[PDB]
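Peer 1: sequence-free structure coming up:
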Ligand SMILES: [Cl-]
């Protein structure tokens, strides 16, 4: 029930100072952190950068694999000019679980390590003095929290995780920490939808505030020129001769919201950039601004060698440099909400994102049978609400993914899907498509939930998990056989392939190819391309993965996952040049 | 004028302008005639801090040499009207001109030390303002680090450095928006003495007014243990907790301006360590006991940021250096981000702080009309470095050149001058030195009287007597070590470069150069030599991690002499030092 997830801005009514830097850090295996006073703060631990996953900074494995309570400590200054304002610490992500103490006093908890949350500390600090913030984070996985997984205990006592997902359990203060001072009466939320008529457009907005003061809304273009204004919390901004936002061709207008009448100084100002564009599913078409498009891309994680799962602006800007070069125009934020700065860059660069909530693991290799479904569901729907509230105004969000590879064959999955889909059908004012990925075991013959998603996202791995090597010929025929069945039943919704590919160890070559070589990656991708091109209802290809990424140790995991088109260092495998050639030859309206 | 690191309290603010700026190349040099100083948004987004080179897919951009432009909007709070407003640039590589709201404020030379611009009268308090930076990354023999800029037959400009590392350029370190008091602390100094279990911090405080000064020192739990009034004074610490190698203890210093009656005018706080540094003949003494240096050998180089400071890589580099048993490193070949020293202070490492006086030699140099301006910029960057890093307990010595061409008798006037103009800059009077290249030896070097201790760069078994010849290379190194011993060497000797390129994964039995085994073989050889001579008081191997470099047929995608890979995983040579260095006590050879 987060009152507001607006991204921090700086103006005369709102301040935002980052608390990033080095913190004190201590493990707590015994769980006696609070018994012995760590919540008042400490400086007898190890320095830990923020934001950063804490796991890879340690040379010993038990610390890399640590599972339990852990503590971050820091001092921060509160200016005396802040007295009277609404004061918040905004945590952009604490994986997975956090209790926040300021000066020894408990402020709040939070569940879910991938969305932001703020702590009202207005009453917990001395103004004009140094205060202390302590974070008691937790790490464990259970089937009652997203991402789904288990926590086991080695015979020697140490806890460790057995995830139901691929990626590594990178943990800790994974994203920035802000100190905010906001007006007492302020903007909490706003919403935008768009309509196009001829060369003109209309933004339809609403604004939520914690009070009754008047609301002025003003829309300015790229050069600061005001082009529409309106009064009140509902309204319609008329933009004549609009500059539409276009795939791989962004145009962003600045939106400005202010509280007060013209006898006041503005009691609050908020500011955000939005793109004027519309998204419709029509038949099997995905329409952006009423012309069909064809998705090309990935397939991503937030993973980097030094930050773990933490947001790094350098790695993010290179991922976009690469993705623009290679011809992509879309990617899915698998398998969890990304740092907010990523959606701002997709807006700036004209990319189409599939925003995913962290519901991986709904799949035991009897899931929906059990009793952890009650608590799991609360957290799932709550994480879906907060995700849609945070990112709804980004032009680059195209669709919401509400599961990843859930067990759709279990008939008991249908009551759960009915509930999730019912409870979310109206969260997004733009009413974009809501979907999920179907795993390989989940086909037109075996899935029970094919009626729900607004378009289809298939995860197919012929040539890797099935029909590998010289059997690849049988795998293509068996995929063509499935795609034949969709066609017969007459798919009325678009189909998008969202995973496929091949683990590839850069530098491994063979002629002829063998699984794991660079040549085999290309043969596999060429094979998929031949299938995609032979069916009109296939409307996009998102390969797995963009880069190689870290993973739980295992005998099938050559240090992480290696399915990337690029290495973890962000350099290209042979498959990168394949797609660089294919994707820059496919137009935006491919198949139409 | 002041290089103090920004702090946050009720008198001083500090807000980073890091994030995505706008970016454009200006190969033509038309940017100012085109009105770009007023800000622009028609370029490409570029992270700050970070080198811009590695974000482009084309080589022409990656290698670009000339004028480049950064542009950003920022907000100046109404509440800041009346304070001294500053844009502080932590590093702009290598040249900058600063514009605010289209108005040219300031320029700067040198790409690895911070500078501040007073923008108090160039902004609209309470609205958005524009900052534009016009950077240049050309090299010449008149600027540090030294090199040349050439034009290809196709018009494009290209740099050809006199040093190894790549020409990573742009906004390589954070940008701060500061709010300072009108009367404020500008500088302070610390020196230490010991007596029994007691110590004496001897301070001074530079100010730009006459208001009274008040200094207080508190221990790690916040208890106050000494106060004093006046711009000079001595704090008496009873039963002091000394700052020890790999065993730091940091007191908090608090400078406060204003008399007992008024509102405080300025507060400045820093963390210092109580410890002394003396060169006693051939020993290096920290707190009057002899130490033995072990370490690297470093660069500020990471895959995604390039030259730019990245706190994740830095804490990881420090995690590794403690794991391996090291206790020192040299900031080759330029001052590092200021965070590196604060971590060094908290972890009790000893740093050799190096100014970017690299490439003073060609493949002569001191016999050219470029020295006059070169020397201006050289001694100025020396002054800025010592002024910035003075107060760190962890800075052990200053390095004033890396591999200058000391064979020519003309180097001697220039050294004479550099060494006289730096004589009395560091209040602690720590030792000033420089690295001697392979060609500069006891037989051939002409500047051996100057340094306070000797830093040796030797590459037997790599650039000479490679492969099966290594045994003759070991013999030659002992030859030279015999001649030092003969010459009655009275100052300490520290090996500060040695090693071997190693491609992680290349194995051979028996070894060949470039394999992991050969590297261990080479490092074992150097160890055997170091252990048979008493004046040798330190081994700093080159390099800590594989770092990026100019393209060349001898550069297998950058330098590869690193004990760790560019991703910071170990090569077999990691475990050799992990064994050796964790068995040498801190007083080895005493
Ligand atoms: Cl208070």
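Peer 2: Arrived safely, thanks for sending. Residues are numbered from 1 along each chain as shown, chains lettered A, B, ... in the order given.

Peer 1: from here on, contacts and neighbour counts on C-alpha atoms
Peer 2: OK.

Peer 1: tell me the bridge partners for residue A:109.
Peer 2: Beta-bridge partners of residue A:109, counted by DSSP bridges, are residue A:99.

Peer 1: do the same with residue A:207
Peer 2: Beta-bridge partners recorded for residue A:207 (DSSP bridges): residue A:190.

Peer 1: so what's the nearest residue to residue A:118 once chain neighbours are set aside up against?
Peer 2: Nearest residue to residue A:118, sequence neighbours excluded (CA to CA, 6 or more residues apart in numbering or on different chains): residue A:90, at 4.1 Å. By CA atoms under 8 Å, 6 or more residues apart in numbering or on different chains, the contact set of residue A:90 is A:116, A:117, A:118, A:119, A:177, A:178, A:179, A:180.

Peer 1: next, work out how far apart the third one and residue A:134 are.
Peer 2: Residue A:118 sits 14 Å away from residue A:134, taking CA to CA, to the nearest Å as the criterion.

Peer 1: more crowded one of these two?
Peer 2: residue A:134 (27 against 22; other CA atoms under 10 Å in any protein chain shown).

Peer 1: what about the residue of the stretch 101-250 of chain A found nearest the ion, distance to residue A:518?
Peer 2: For the stretch 101-250 of chain A, the residue closest to the ion is residue A:126, as judged by CA to the ion, at 3.8 Å. Counting by CA to CA, the separation of residue A:126 from residue A:518 is 60 Å.

Peer 1: can you pull the buried residues of stretch A:209-216?
Peer 2: Using 16 or more other CA atoms under 10 Å in any protein chain shown as the test for burial, stretch A:209-216 gives A:209, A:214, A:215, A:216.

Peer 1: end to end on it, go ahead and measure it.
Peer 2: Calculated as CA to CA, the first-to-last residue distance of stretch A:209-216 is 12 Å.

Peer 1: tell me the phi and psi of residue A:399?
Peer 2: Main-chain dihedrals, residue A:399, degrees, to the nearest 10: phi -160, psi 160.

Peer 1: give me the contacts around the strand or helix carrying residue A:386.
Peer 2: For residue A:386, the host element (DSSP states H and E) is helix A:373-391. For helix A:373-391, the external contacting residues (CA under 8 Å, 6+ apart) are A:1-2, A:5-6, A:111-112, A:115, A:143-146, A:337, A:340, A:343, A:357-359, A:397, A:402, A:420, A:423-424, A:427-428.

Peer 1: filter those residues down to the buried ones and hand me the ChimeraX line.
Peer 2: A single ChimeraX command selects the buried members of those (16+ other CA under 10 Å):
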select /A:5,6,111,112,115,143,144,145,146,337,340,343,357,358,359,397,402,420,424,428
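
Peer 1: inside helices: which ones of the contacts of helix A:373-391?
Peer 2: Within the contacts of helix A:373-391, residues falling in helices by DSSP state H are A:340, A:343, A:420, A:423, A:424.

Peer 1: any idea how far residue A:456 is from the residue nearest to residue A:118?
Peer 2: 36 Å.

Peer 1: for residue A:64, same thing?
Peer 2: On the measure of CA to CA, residue A:64 and residue A:456 end up 38 Å apart.

Peer 1: ok, residue A:280 touching residue A:288?
Peer 2: Yes. Counting by CA atoms under 8 Å, residue A:288 is a contact partner of residue A:280 at 6.8 Å.

Peer 1: and residue A:475, what does it touch?
Peer 2: Contact analysis of residue A:475 by CA under 8 Å, 6+ apart lists A:462, A:463, A:466, A:467, A:468.
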